[PDB]
Structure formats: C-alpha cells, structure tokens
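Written below as structure tokens is the structure these notes are about.
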Amino acid sequence: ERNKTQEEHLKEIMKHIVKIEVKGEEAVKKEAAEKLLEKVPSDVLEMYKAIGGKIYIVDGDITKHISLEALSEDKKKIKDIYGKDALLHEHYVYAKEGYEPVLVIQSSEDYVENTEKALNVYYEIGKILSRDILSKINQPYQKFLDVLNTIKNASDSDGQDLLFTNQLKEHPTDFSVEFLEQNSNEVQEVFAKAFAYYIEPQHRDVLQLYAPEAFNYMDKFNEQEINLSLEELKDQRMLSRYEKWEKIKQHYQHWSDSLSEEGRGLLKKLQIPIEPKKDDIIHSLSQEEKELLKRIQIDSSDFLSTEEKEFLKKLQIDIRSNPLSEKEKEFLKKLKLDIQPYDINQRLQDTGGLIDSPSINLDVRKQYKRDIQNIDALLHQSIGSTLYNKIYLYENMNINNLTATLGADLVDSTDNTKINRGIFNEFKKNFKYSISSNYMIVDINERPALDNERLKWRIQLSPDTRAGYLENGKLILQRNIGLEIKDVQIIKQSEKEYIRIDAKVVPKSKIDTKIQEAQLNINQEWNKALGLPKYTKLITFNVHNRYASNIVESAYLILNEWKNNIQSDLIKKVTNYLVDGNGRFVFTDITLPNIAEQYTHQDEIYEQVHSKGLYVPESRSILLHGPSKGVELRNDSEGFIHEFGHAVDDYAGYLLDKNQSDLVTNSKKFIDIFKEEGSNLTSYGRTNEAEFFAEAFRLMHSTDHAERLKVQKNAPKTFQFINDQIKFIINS
Ligand SMILES: CSCC[C@H](NC(=O)[C@@H]1CCCN1C(=O)[C@H](Cc1ccc(O)cc1)NC(=O)CS)C(N)=O
Ligand SMILES: [Zn+2]
C-alpha cells in the first residue's frame with residue numbers, strides 16, 4: 001500500500017528491462033544508474049517495457065556499443081536539452097528511435113554532485129515517453145496544448161524562453177491541434193524538456209519559478225494521471241487485452257455456467273428491444289376502433305414522430321385537408337401507447353428507477369417489473385476478484401442522452417471529426433457526478449464506437465459493484481450505480497476526435513445525498529430572497545441519471561436569471577400563489593410523464609405529456625426536463641420562463657373572479673387579440689392563446705432586448721395586455 005510498490009516492485013522492472021554492461025568492479029556503477037532511474041515514475045518505466053525497449057548502462061563512447069552502431073553518419077549530430085550540439089561518440093546518452101526502442105546511458109560514479117547531466121539523461125527519457133510511448137495512444141494533445149498556449153500568451157515573457165523553441169515563440173496565433181499535427185516533432189520536444197526539469201530535483205524549483213501551469217501539468221501527470229495512460233497503452237496490446245478478459249471470464253465461469261434458458265433469454269431480451277407485431281395490434285383493437293382506423297390520414301397529426309406513424313400506416317394496408325378531429329385524435333393518442341418497443345433499459349431511464357409509475361398501461365407496467373426485479377437478482381456476483389485490482393471498464397455514449405442542447409453544436413459544422421471547443425467547456429462545466437439507474441452495458445476492453453457516440457467513458461469499478469458477464473466481452477452492471485466524474489479532456493483516436501470521461505464508481509448514497517444536501521441549500525436561500533418561510537419546499541430536485549451533476553447546478557442559474565429579468569414584485573406575488581397550493585419548481589431528468597405533479601392529476605394516461613418544460617394549474621408546479629431542447633431555444637432558462645408565464649396567466653384570471661378560477665387568456669378581450677396580431681410572433685405561438693401569451697411573455701422578459709422589441713413591434717396590443725396584467729398583479 002506504500003513501500004509495497006515503488007521500491008520492491010521497481011527492482012522487478014529493474015531486472016527485466018534495465019540491462020548493465022560495465023567492465024570491472026560490477027558494483028556502484030549499478031547504483032547511480034539505479035538511483036538515477038529511481039527518481040523517475042516507475043510507471044513510465046513499465047510502459048517502456050511495453051513498446052518493448054531495453055536500457056544499456058555502459059562505459060566509454062556509448063556509440064561504441066552493440067545496439068547503437070547501425071545508424072550511419074546520417075544521424076550523428078544530436079542536440080542536447082539546452083540546444084548546444086554534443087556529438088554521439090563524445091556524448092554520454094542516447095535513445096534509439098525505432099520499432100526496437102533502445103536507450104543507452106554511459107556509466108558514472110555519482111550524479112549527486114553533478115546535476116546538469118542527469119538532466120539531459122532525464123531529457124532523453126523525456127523524448128522517449130514523449131515520442132515512443134505517448135505517441136502510441138495519441139498524446140500529447142489538447143490538454144497539453146492548452147498549457148503550451150497559456151505559456152506563450154501571458155504576463156512574464158521569460159517562462160517562454162525556458163521551454164519554447166527557436167520557433168514556437170514566433171508562431172503568430174495560438175497552437176491549433178492541427179498544428180500539433182504539422183510541427184509535432186517540435187511539440188513532443190517541449191513536453192520532454194518539461195519532464196526532465198520536473199524530474200531533476202534542483203531544476204524542479206526553476207520550473208516552478210518561470211513555468212506557470214507547465215509545472216502543474218507534470219505534477220499532476222506524474223503522480224496521478226500517468227497510469228490512466230499506461231492503461232490505454234495496455235488496452236492496445238493483444239495478449240494482454242484477452243489476458244484480462246479471460247481473467248474476468250474466469251471469475252464468472254461459475255455464474256455464467258449456471259443460467260436458466262430463461263435467464264440467458266432475459267439478459268439478451270434486455271440487450272435488444274422488441275417492436276410489437278402488427279397482427280397483435282389489429283386483433284386487440286376491437287370493433288369500433290378497427291373500423292375507425294380505416295379512414296384516418298395519419299400524416300395529419302403533430303405528435304407521433306415519423307418512426308411511429310410510418311408504422312401505424314402499415315395497419316390500414318394490412319387491414320384490407322389539414323384539420324383532423326379530436327375524437328379521432330383520441331385513437332391515435334391511444335395507439336401511440338401500444339406501438340412502443342418493449343425496452344427494459346429505456347423504461348428504467350424514463351422512470352429513473354421509479355418502476356411503479358403510472359406512466360404506461362397496467363398490463364405492461366407490471367411486466368417490466370417482474371422482469372426487472374428478475375434481472376437485479378441475476379446480477380449478484382460482484383466484480384471484486386482475487387486476480388485483479390482496479391478494473392477499468394469502458395463505455396461509449398451519445399451526448400444526446402446527456403444534453404440535447406449541447407449535442408446540437410458539439411460537432412463542428414465543417415470538420416465533423418473535430419469537437420467545437422466552446423461547447424466542450426459548457427459540457428465539461430458543472431459535471432461532477434453521474435447516476436446510472438438502468439443496467440449499464442459496458443465493454444471489458446475498449447472497442448470502437450458509432451457516430452452519435454462521441455463520448456467515451458472509462459469507468460473504474462468498485463470491487464463491490466456487482467455485475468454480470470457476457471459472452472462477447474461485455475458486462476451488464478447492477479442498476480443504481482453511483483459514478484463520479486474525475487477528469488474530462490478531449491482526445492484523438494482512430495482518425496477522429498472524442499470526449500474522454502473518467503469516473504469512479506461509488507455508492508449511490510455518496511451521490512444521492514450530495515443532491516439532497518444541495519436541494520436543501522438551494523431552498524435555504526431562494527426563500528430569503530423571496531420572503532418565504534425558510535422551511536418551505538419551493539424548489540425540488542428529481543435526479544437519477546448520467547448527467548445529474550449538472551441538473552442541479554443549472555437549476556441555480558435558471559432561477560438566478562428568471563430573477564434578474566423580471567420585477568421582483570411580480571415574482572413574489574405569483575410564486576406565493578404557487579406555494580399556497582403545494583406548488584413546485586421541479587428540475588428533473590426523467591420522462592415528464594413520470595412526475596407526480598402531472599400524473600396525480602391526469603384523468604386517462606394517454607393524456608399525459610412529455611417535453612422540455614410544462615406548467616400545470618392543478619398542482620401549480622413548473623416542470624423542467626433537462627436532457628432535451630425546445631424548438632431551438634439556446635438556453636434552458638428561457639423555457640423556464642415560458643412556463644412562469646402560464647403561472648402568471650393563472651394568478652391574473654384568479655384575481656378576476658376569485659373562485660371561478662379560469663386562465664386570464666380565456667378572456668373575450670384576449671381572444672380578440674389572439675385573433676388579430678395573435679399570429680405574428682412564434683411558430684409555436686400560432687397554437688392557442690394560452691400558449692401564445694406564454695410565448696409572447698417569455699420574449700417580453702428575455703435576456704436579448706432584440707427579442708423584447710419585436711413583440712412590441714409586431715404584437716403591440718399584446719405587449720399592452722401582458723404588461724397590463726403585470727401592473728395589475730403587482731398591485732393585487
Ligand atoms: C418531448 S421531448 C422535447 C422535445 C422538444 N420539444 C419542445 O420544446 C416541445 C415542442 C413543442 C413545445 N414544446 C414544449 O415542451 C413546450 C415548452 C416550450 C416553449 C417554447 C419553445 O420554443 C420550446 C418549448 N411545452 C409547453 O408549452 C407546455 S406548458 C423538441 N425539440 O421537439
Ligand atoms: Zn406552454
């Protein structure tokens with residue numbers, strides 16, 4: 001746990017790749033050389049072993065020895081760290097660059113008194129790591145680039161002079177990743193100097209004196225973020241890739257060896273959904289329903305995305321202008337709920353583990369349950385084994401299952417292989433913890449991925465964390481896992497650019513609580529700033545998915561802006577109305593049809609809805625999804641306001657005839673406004689007054705004045721009406 005590693009494990013990596021060849025008195029010669037090589041992180045030494053590279057500690061002219069006499073006068077003038085030109089058979093260290101990694105260092109009595117030589121040695125090692133190893137997993141990259149740039153553009157123009165070459169300094173603009181591609185032979189060069197300085201004790205201080213973050217890179221990279229590379233290296237070698245697999249395969253070679261043909265079938269089913277057969281729908285449709293089905297232009301519906309309709313259409317053909325009808329719509333509304341592929345994992349994602357949620361029929365809600373509790377039981381054997389310590393399992397993901405919003409800009413419009421930097425930062429932003437409430441299907445050895453898949457996880461399991469082994473090298477995890485984003489950086493892999501995410505599994509508790517603890521704080525604040533009972537429940541968090549960390553920190557800004565854009569007077573009045581009926585501000589990431597605040601109030605189920613946000617009079621609560629995008633609505637906040645408008649439309653009306661409560665927009669005066677200008681604002685607004693008012697509103701109180709004007713320019717009377725109830729409510 002401490003000594004057990006570096007000193008006694010080193011000696012092992014010492015005997016294998018560390019080769020000596022002196023002349024006489026075979027003694028202390030191996031000391032300075034063993035001491036010298038000790039100061040370096042043993043883990044880089046193992047990687048050198050990986051790409052297959054031996055080390056030679058000899059005497060005299062190093063070039064006068066076996067492995068290095070091939071290269072001719074072609075390569076004979078090697079430059080040193082500093083830039084001078086020390087020749088080979090006049091030097092003391094070199095490192096062969098080829099499909100047979102070789103590194104030769106001359107002997108010496110004691111590098112203690114000396115310090116500038118060990119430096120060079122350490123520098124060449126650098127070149128090694130920076131050119132023979134990392135070059136095989138696609139580093140240095142964007143993370144290390146970011147540190148080179150900070151170095152060129154800053155206060156002190158001296159730290160540059162310390163690492164930067166006789167040409168990295170001059171380069172006009174910042175170093176673009178594309179640049180790492182054309183001047184690479186130079187970049188690696190630098191990452192090396194930085195290693196040596198950091199490695200060579202006394203020269204370490206100088207680095208922490210004129211090297212801003214350049215030091216902090218090595219500090220981190222050489223103590224904690226190094227393994228995560230030795231690993232990647234290791235996840236490209238064959239025998240090892242399967243070395244590990246069979247090792248795990250074995251640990252479950254008793255579980256997998258005892259499964260009912262109902263068990264395996266349960267696992268597989270989970271892997272691939274199963275769209276319901278035509279024949280079944282038809283027979284179970286009944287008399288008047290089947291008959292109505294015959295004359296219903298499906299394409300005349302708004303809901304029911306392509307996928308669906310183009311399915312319901314096939315029933316009219318096997319059974320053998322724009323305005324539809326609402327008694328007809330009912331039907332399609334019902335079928336929508338029957339033509340859904342039975343998907344276990346997708347079901348859990350929607351309900352967020354809340355499997356007993358009246359979000360679907362009864363006959364089906366109950367199957368998902370039988371199946372689920374059944375899968376949870378098939379998964380009782382924990383990964384934790386006695387054949388391996390940390391286990392890194394990998395998983396590829398589509399950023400859309402995390403944040404639709406950013407997912408629409410995450411890829412760079414012109415070069416689809418690149419990741420738009422800005423977006424990347426707004427994603428990497430408030431991402432500190434992640435929840436998994438469905439069965440995570442991960443791969444034992446990183447395997448490529450699809451297109452929507454640009455996010456590449458890299459999970460560290462808990463020996464506790466129980467899972468299930470799969471034949472194709474994958475593992476099905478237990479549900480309700482607690483992850484913990486430890487580091488997110490951009491990476492290049494196989495001609496492409498992907499987002500690497502590094503998380504550590506931890507009890508859901510650790511995380512489930514961070515959420516409440518926070519939910520608590522955010523209320524133990526927005527009540528003061530509102531004059532409400534400090535022990536009231538205004539804001540509420542409903543979080544159970546992979547992008548949790550953000551569904552909370554975003555709540556803050558959303559309200560933090562909904563405030564800085566409206567008269568605090570209007571707020572207080574309205575939100576007390578909401579508060580008075582147990583109302584709620586729900587920032588959640590489970591299908592909306594799964595929020596108590598909507599289903600405790602719906603007559604029939606096919607009536608429930610799903611969307612970015614929504615306001616319901618009944619519970620007087622604003623519901624806000626998070627992993628989605630409103631018809632082009634850059635910010636989440638916006639939508640939050642569009643819903644507040646509904647709140648306002650409720651209080652006004654209320655204020656009219658105190659008990660026969662009816663939304664303000666159901667006024668004879670408004671419809672006379674919705675009729676005229678009530679169709680010169682938003683494509684949506686064109687729906688119905690109730691919504692128009694909400695659309696109009698949102699704009700009248702947006703962040704972009706640009707949007708505030710148009711409402712007043714194309715929707716005057718409305719700007720009068722809406723801003724009219726305002727001055728009414730503020731007086732109440
Ligand atoms: C169902 S997942 C989200 C889908 C997203 N949809 C929305 O934002 C839907 C589409 C129609 C309006 N949507 C709403 O969620 C609105 C909220 C809204 C408002 C304005 C806007 O530009 C976008 C969304 N809900 C309500 O008005 C119920 S109170 C989309 N890209 O189609
Ligand atoms: Zn609305």
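When we count neighbours, we look across all protein chains shown, and the Cβ atoms used for this are built from the backbone with ideal geometry, even at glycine. Numbers and lists here come from the model and the stated rules, or from a named source; no laboratory instrument gave them.
The single condition among (1) more than 30 Å from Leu337 (Cβ to Cβ); (2) surrounded by 14 or more Cβ atoms within 10 Å (Cβ to Cβ); (3) of a type in the set (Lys, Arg) that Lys309 does not meet is (1).
Out of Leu450, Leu455, one residue alone is out of contact with any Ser or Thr (no Cβ under 8 Å at 6 or more places or on another chain) and surrounded by fewer than 18 Cβ atoms within 10 Å (Cβ to Cβ). It is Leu450. Here is the figure for the stretch 673-685: residues that are within 12 Å of ligand 1 (Cβ to nearest atom) and either loosely packed, with under 14 Cβ neighbours inside 10 Å or at positive phi (or both) total 1. Residues in the stretch 307-354 that are in a helix (DSSP H, G or I), closer than 30 Å to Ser437 by Cα and among the acidic types (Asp, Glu): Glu307, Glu308, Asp350.
Of the residues in the stretch 161-194, how many are of a type in the set (S, T, N, Q), closer than 15 Å to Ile81 by Cα and in contact with a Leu (Cβ under 9 Å, 6 or more places away or on another chain)? Break it down stepwise before answering.
In the first step, residues of the stretch 161-194 are kept if they are of a type in the set (S, T, N, Q); the result is 165-167, 173, 176, 182-185, 188.
Subsequent filtering for residues that are closer than 15 Å to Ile81 by Cα retains 165-166, 185, 188.
Keeping just the survivors that are in contact with a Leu (Cβ under 9 Å, 6 or more places away or on another chain) gives 188.
Of the residues in the stretch 161-194, 1 are of a type in the set (S, T, N, Q), closer than 15 Å to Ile81 by Cα and in contact with a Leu (Cβ under 9 Å, 6 or more places away or on another chain).
The residue that is surrounded by the fewest Cβ atoms within 10 Å (Cβ to Cβ), counting only those in the stretch 4-22 that are closer than 12 Å to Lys54 by Cα and out of contact with any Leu (no Cβ under 6 Å at 6 or more places or on another chain), is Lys15. If you go through the stretch 619-637 and keep only what is more than 13 Å from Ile551 (Cβ to Cβ) and either of a type in the set (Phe, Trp, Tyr) or surrounded by fewer than 23 Cβ atoms within 10 Å (Cβ to Cβ) (or both), you end up with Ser619, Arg620, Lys629, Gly630, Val631, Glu632, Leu633, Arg634, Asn635, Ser637.
Yes/no matrix, rows are residues, columns are (1) surrounded by 24 or more Cβ atoms within 10 Å (Cβ to Cβ); (2) within 16 Å of ligand 2 (Cβ to nearest atom):
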{"site": "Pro617", "(1), (2)": "no, yes"}
{"site": "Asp657", "(1), (2)": "no, no"}
{"site": "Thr665", "(1), (2)": "yes, yes"}
{"site": "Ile671", "(1), (2)": "no, no"}
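Looking at this structure, is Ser611 part of a loop (DSSP other than H, G, I, E, B) and either within 16 Å of ligand 1 (Cβ to nearest atom) or not hydroxyl-bearing (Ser, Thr, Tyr) (or both)? Yes; evaluated as a whole, the condition is true for this residue. If the condition is being part of a loop (DSSP other than H, G, I, E, B) and charged (D, E, K, R), then the stretch 139-169 contributes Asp156, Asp158, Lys169.
On inspection, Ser568 fails the criterion of being touching a helix residue (DSSP H, G or I) at 6+ places or on another chain (Cβ under 7 Å), away from ligand 2 (no atom under 13 Å from the Cβ), of a type in the set (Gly, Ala, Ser) and on the phi < 0 side of the Ramachandran plot. Among the residues here, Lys75 does not qualify as in the same structural domain as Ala196 (by CATH), out of contact with any helix residue (DSSP H, G or I) (no Cβ under 6 Å at 6 or more places or on another chain) and either of a type in the set (S, T, N, Q) or in a helix (DSSP H, G or I) (or both).
Residues in the stretch 632-671 that are more than 13 Å from ligand 1 (Cβ to nearest atom) and among the aromatic types (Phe, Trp, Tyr): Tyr651, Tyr654, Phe670. Report yes if some residue within the stretch 279-294 is assigned to a loop (DSSP other than H, G, I, E, B) and of a type in the set (S, T, N, Q); otherwise report no. So far as the stretch 279-294 goes, yes, one or more of its residues are assigned to a loop (DSSP other than H, G, I, E, B) and of a type in the set (S, T, N, Q).
Condition (residue is under 18 Å from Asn565 (Cβ atoms), within 16 Å of ligand 2 (Cβ to nearest atom) and not hydrophobic (A, V, I, L, M, F, W, C)) applied to the stretch 706-720: is it met by at least one residue? No, the stretch 706-720 contains no residue that is under 18 Å from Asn565 (Cβ atoms), within 16 Å of ligand 2 (Cβ to nearest atom) and not hydrophobic (A, V, I, L, M, F, W, C).
Residue under question is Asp343, and the condition is that it be surrounded by 14 or more Cβ atoms within 10 Å (Cβ to Cβ), among the acidic types (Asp, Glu) and under 17 Å from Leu592 (Cα atoms); does it hold? In short, no. Considering only the stretch 696-727, state which residues are farther than 19 Å from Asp662 by Cα, of a type outside the set (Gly, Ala, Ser) and within 12 Å of ligand 1 (Cβ to nearest atom). Matches in the stretch 696-727: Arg698, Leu699, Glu707.
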